[PDB]
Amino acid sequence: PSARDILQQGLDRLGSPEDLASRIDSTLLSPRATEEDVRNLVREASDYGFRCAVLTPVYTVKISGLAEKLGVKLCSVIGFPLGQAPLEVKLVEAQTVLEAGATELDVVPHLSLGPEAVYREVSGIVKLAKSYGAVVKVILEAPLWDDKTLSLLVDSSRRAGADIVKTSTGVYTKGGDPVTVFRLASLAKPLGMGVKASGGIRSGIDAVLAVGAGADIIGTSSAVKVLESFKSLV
(Lines of atoms letter the chains of each structure in order from A and count residues from 1; the text may use other names and numbers.)
(Lines give C-alpha, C1' and ligand atoms only; values in the text may rest on other atoms or scores of the structure.)
Protein backbone atom coordinates (compact mmCIF):
# COMPACT_ATOMS: atom_id res chain seq x y z
CA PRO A 1 0.00 0.00 0.00
CA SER A 2 1.09 3.60 -0.59
CA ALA A 3 1.05 6.37 2.01
CA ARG A 4 -2.10 7.73 0.35
CA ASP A 5 -3.66 4.27 0.57
CA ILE A 6 -3.30 4.05 4.34
CA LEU A 7 -4.62 7.59 4.92
CA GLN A 8 -7.61 7.07 2.63
CA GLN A 9 -8.42 3.67 4.17
CA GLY A 10 -8.36 5.21 7.64
CA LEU A 11 -10.73 7.96 6.51
CA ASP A 12 -13.07 5.44 4.85
CA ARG A 13 -13.40 3.53 8.13
CA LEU A 14 -13.53 6.31 10.73
CA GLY A 15 -16.26 8.71 9.70
CA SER A 16 -17.27 9.76 13.21
CA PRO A 17 -15.89 9.97 16.77
CA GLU A 18 -18.32 7.17 17.67
CA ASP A 19 -16.75 4.96 14.99
CA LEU A 20 -13.34 5.50 16.60
CA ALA A 21 -14.61 5.15 20.16
CA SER A 22 -16.24 1.80 19.28
CA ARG A 23 -12.86 0.40 18.21
CA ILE A 24 -10.90 1.52 21.27
CA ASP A 25 -9.99 -0.94 24.03
CA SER A 26 -9.41 1.61 26.84
CA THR A 27 -6.40 0.29 28.73
CA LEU A 28 -4.71 0.60 32.13
CA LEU A 29 -1.78 -1.74 32.80
CA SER A 30 0.51 0.34 35.01
CA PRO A 31 2.46 -0.69 38.14
CA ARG A 32 1.08 2.55 39.61
CA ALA A 33 -2.59 1.95 38.78
CA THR A 34 -4.82 2.05 41.86
CA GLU A 35 -8.38 0.83 42.37
CA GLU A 36 -9.51 4.44 41.96
CA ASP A 37 -7.81 4.71 38.56
CA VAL A 38 -9.51 1.47 37.53
CA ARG A 39 -12.95 2.74 38.57
CA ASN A 40 -12.33 5.89 36.52
CA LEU A 41 -11.26 3.77 33.55
CA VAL A 42 -14.50 1.78 33.54
CA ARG A 43 -16.78 4.77 34.19
CA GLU A 44 -15.18 6.68 31.33
CA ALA A 45 -15.40 3.66 29.03
CA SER A 46 -19.15 3.83 29.51
CA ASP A 47 -19.13 7.63 29.25
CA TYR A 48 -17.42 7.63 25.86
CA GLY A 49 -18.56 4.29 24.48
CA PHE A 50 -15.16 2.63 24.18
CA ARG A 51 -15.13 -1.00 23.01
CA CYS A 52 -14.07 -2.30 26.41
CA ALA A 53 -11.78 -1.83 29.39
CA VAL A 54 -8.48 -3.74 29.39
CA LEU A 55 -7.01 -4.49 32.82
CA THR A 56 -4.64 -6.78 34.70
CA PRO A 57 -6.21 -9.92 36.26
CA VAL A 58 -6.52 -8.54 39.80
CA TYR A 59 -8.27 -5.31 38.77
CA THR A 60 -10.47 -7.13 36.25
CA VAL A 61 -11.85 -9.16 39.17
CA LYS A 62 -12.09 -6.22 41.56
CA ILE A 63 -13.92 -4.05 39.03
CA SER A 64 -16.17 -6.70 37.46
CA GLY A 65 -19.11 -5.72 39.66
CA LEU A 66 -19.11 -2.09 38.53
CA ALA A 67 -18.36 -3.07 34.92
CA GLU A 68 -21.41 -5.36 34.88
CA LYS A 69 -23.61 -2.65 36.37
CA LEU A 70 -22.51 -0.14 33.75
CA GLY A 71 -22.48 -2.61 30.88
CA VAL A 72 -18.75 -2.27 30.24
CA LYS A 73 -17.14 -5.32 28.61
CA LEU A 74 -13.99 -6.42 30.43
CA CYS A 75 -10.78 -7.64 28.84
CA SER A 76 -7.92 -9.03 30.89
CA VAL A 77 -4.31 -9.53 29.85
CA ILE A 78 -2.95 -13.02 30.51
CA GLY A 79 0.68 -13.98 31.27
CA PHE A 80 1.35 -10.32 30.48
CA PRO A 81 3.72 -8.87 29.46
CA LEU A 82 6.60 -11.39 29.34
CA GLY A 83 4.50 -14.52 28.79
CA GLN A 84 6.94 -17.05 30.20
CA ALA A 85 4.97 -18.54 33.06
CA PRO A 86 3.87 -22.14 32.35
CA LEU A 87 0.58 -22.87 30.56
CA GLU A 88 -0.99 -24.16 33.78
CA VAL A 89 -0.29 -20.86 35.55
CA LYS A 90 -1.88 -18.88 32.72
CA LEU A 91 -4.96 -21.13 32.79
CA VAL A 92 -5.46 -20.58 36.53
CA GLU A 93 -5.04 -16.87 35.81
CA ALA A 94 -7.48 -16.93 32.89
CA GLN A 95 -9.94 -18.98 34.96
CA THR A 96 -10.18 -16.49 37.83
CA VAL A 97 -10.78 -13.68 35.34
CA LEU A 98 -13.32 -15.64 33.30
CA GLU A 99 -15.20 -16.69 36.43
CA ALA A 100 -15.39 -12.98 37.27
CA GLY A 101 -17.11 -12.06 34.01
CA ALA A 102 -14.27 -11.08 31.69
CA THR A 103 -15.31 -11.86 28.12
CA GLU A 104 -12.02 -11.18 26.33
CA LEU A 105 -8.40 -12.13 26.97
CA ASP A 106 -5.29 -10.44 25.56
CA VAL A 107 -2.82 -13.30 25.81
CA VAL A 108 0.97 -13.23 25.69
CA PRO A 109 2.12 -16.74 24.82
CA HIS A 110 5.68 -17.97 25.36
CA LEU A 111 6.58 -16.74 21.87
CA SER A 112 10.30 -17.56 22.00
CA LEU A 113 9.56 -21.28 22.32
CA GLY A 114 8.55 -21.36 18.66
CA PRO A 115 5.40 -21.72 16.46
CA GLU A 116 4.50 -25.27 17.54
CA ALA A 117 4.66 -24.47 21.26
CA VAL A 118 2.61 -21.31 20.70
CA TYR A 119 0.01 -23.37 18.85
CA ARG A 120 -0.25 -25.93 21.66
CA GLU A 121 -0.30 -23.21 24.32
CA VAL A 122 -2.88 -20.94 22.64
CA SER A 123 -5.12 -23.93 21.87
CA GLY A 124 -5.22 -24.69 25.58
CA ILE A 125 -6.24 -21.14 26.45
CA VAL A 126 -8.78 -20.85 23.62
CA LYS A 127 -10.33 -24.08 24.91
CA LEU A 128 -10.95 -22.60 28.35
CA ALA A 129 -12.06 -19.32 26.77
CA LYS A 130 -14.66 -20.88 24.46
CA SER A 131 -16.44 -22.48 27.43
CA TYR A 132 -17.22 -18.95 28.64
CA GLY A 133 -17.91 -17.64 25.16
CA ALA A 134 -14.87 -15.39 25.55
CA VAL A 135 -12.78 -13.92 22.72
CA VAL A 136 -9.00 -14.39 22.63
CA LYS A 137 -6.52 -11.90 21.19
CA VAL A 138 -2.99 -13.28 20.79
CA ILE A 139 -0.18 -10.75 21.30
CA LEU A 140 2.64 -11.54 18.88
CA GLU A 141 5.19 -8.76 19.51
CA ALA A 142 5.46 -8.34 15.72
CA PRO A 143 8.39 -5.87 15.80
CA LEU A 144 10.59 -8.68 17.17
CA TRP A 145 10.25 -11.11 14.25
CA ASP A 146 10.77 -11.19 10.49
CA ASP A 147 7.80 -11.83 8.20
CA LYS A 148 8.39 -15.57 7.91
CA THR A 149 8.35 -15.91 11.69
CA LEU A 150 5.38 -13.58 12.10
CA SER A 151 3.46 -15.62 9.54
CA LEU A 152 4.19 -18.86 11.43
CA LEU A 153 2.97 -17.15 14.61
CA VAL A 154 -0.22 -15.87 12.97
CA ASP A 155 -0.85 -19.35 11.55
CA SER A 156 -0.33 -21.05 14.92
CA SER A 157 -2.81 -18.57 16.41
CA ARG A 158 -5.30 -19.31 13.63
CA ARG A 159 -4.97 -23.08 14.02
CA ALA A 160 -5.36 -22.63 17.78
CA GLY A 161 -8.81 -21.12 17.34
CA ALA A 162 -7.90 -17.53 18.23
CA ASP A 163 -10.17 -14.72 17.00
CA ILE A 164 -7.74 -11.82 16.95
CA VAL A 165 -4.00 -11.24 16.75
CA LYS A 166 -2.39 -8.25 18.53
CA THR A 167 0.73 -6.40 17.41
CA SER A 168 2.46 -5.70 20.72
CA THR A 169 2.43 -5.74 24.52
CA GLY A 170 3.38 -2.08 24.45
CA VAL A 171 6.11 -3.03 26.93
CA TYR A 172 8.79 -5.01 25.08
CA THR A 173 7.89 -3.49 21.72
CA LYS A 174 5.47 -0.88 20.42
CA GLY A 175 3.22 -1.76 17.50
CA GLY A 176 0.85 1.13 16.97
CA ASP A 177 2.67 2.35 13.85
CA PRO A 178 1.28 1.80 10.30
CA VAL A 179 4.20 -0.36 9.19
CA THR A 180 3.92 -2.85 12.06
CA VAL A 181 0.12 -2.86 11.79
CA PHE A 182 0.28 -3.60 8.05
CA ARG A 183 2.86 -6.36 8.59
CA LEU A 184 0.44 -8.15 10.90
CA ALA A 185 -2.73 -7.31 8.97
CA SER A 186 -1.40 -8.44 5.58
CA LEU A 187 -1.04 -11.89 7.17
CA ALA A 188 -4.04 -12.02 9.50
CA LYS A 189 -6.86 -10.61 7.39
CA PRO A 190 -6.62 -13.16 4.56
CA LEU A 191 -7.16 -15.81 7.23
CA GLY A 192 -10.20 -14.00 8.60
CA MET A 193 -8.60 -12.96 11.89
CA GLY A 194 -9.20 -9.59 13.51
CA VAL A 195 -6.30 -7.24 14.14
CA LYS A 196 -5.49 -5.17 17.23
CA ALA A 197 -2.83 -2.44 17.20
CA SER A 198 -1.22 -1.19 20.42
CA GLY A 199 1.85 0.68 21.61
CA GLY A 200 2.31 4.43 21.60
CA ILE A 201 -1.12 5.29 20.20
CA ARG A 202 -1.65 8.71 21.77
CA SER A 203 -3.35 10.86 19.13
CA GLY A 204 -6.50 10.63 17.06
CA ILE A 205 -4.16 10.72 14.07
CA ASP A 206 -2.20 7.73 15.40
CA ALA A 207 -5.52 5.89 15.74
CA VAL A 208 -6.71 6.66 12.21
CA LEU A 209 -3.40 5.61 10.64
CA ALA A 210 -3.48 2.29 12.52
CA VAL A 211 -7.00 1.53 11.30
CA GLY A 212 -6.10 2.56 7.77
CA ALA A 213 -3.18 0.12 8.05
CA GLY A 214 -5.54 -2.72 8.93
CA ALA A 215 -6.22 -2.56 12.65
CA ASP A 216 -9.81 -3.43 13.60
CA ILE A 217 -9.22 -2.60 17.28
CA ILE A 218 -7.11 0.16 18.85
CA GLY A 219 -5.44 -0.53 22.18
CA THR A 220 -4.42 2.55 24.12
CA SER A 221 -3.86 3.81 27.64
CA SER A 222 -4.81 7.31 26.45
CA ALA A 223 -8.28 6.53 25.10
CA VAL A 224 -9.89 9.81 26.14
CA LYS A 225 -7.03 11.90 24.72
CA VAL A 226 -6.96 9.86 21.50
CA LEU A 227 -10.68 10.52 21.07
CA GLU A 228 -10.43 14.21 21.90
CA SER A 229 -7.37 14.50 19.66
CA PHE A 230 -9.43 12.92 16.87
CA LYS A 231 -12.12 15.59 17.20
CA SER A 232 -9.65 18.48 17.46
CA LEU A 233 -5.91 18.48 16.70
CA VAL A 234 -5.15 21.17 19.26
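Numbers follow the displayed sequence, beginning with 1.
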{"item": "Stretch with the higher entry mean CA B-factor, where the candidates are 126-134 and 100-108", "value": "126-134"}
{"item": "From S26, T56, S198, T173, residue of greatest CA B-factor", "value": "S198"}
{"item": "Ranked against its chain, the third holding the CA B-factor of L153", "value": "lowest"}
{"item": "Chain-wide C-alpha B factor ranking for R183, given as lowest, middle or highest third", "value": "lowest"}
{"item": "For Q84, the third of its chain into which the C-alpha B factor falls", "value": "lowest"}
{"item": "Third of the chain, ranked by Cα B-factor, where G15 sits", "value": "highest"}
{"item": "Within-chain third of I164 by Cα B-factor, per the entry", "value": "middle"}
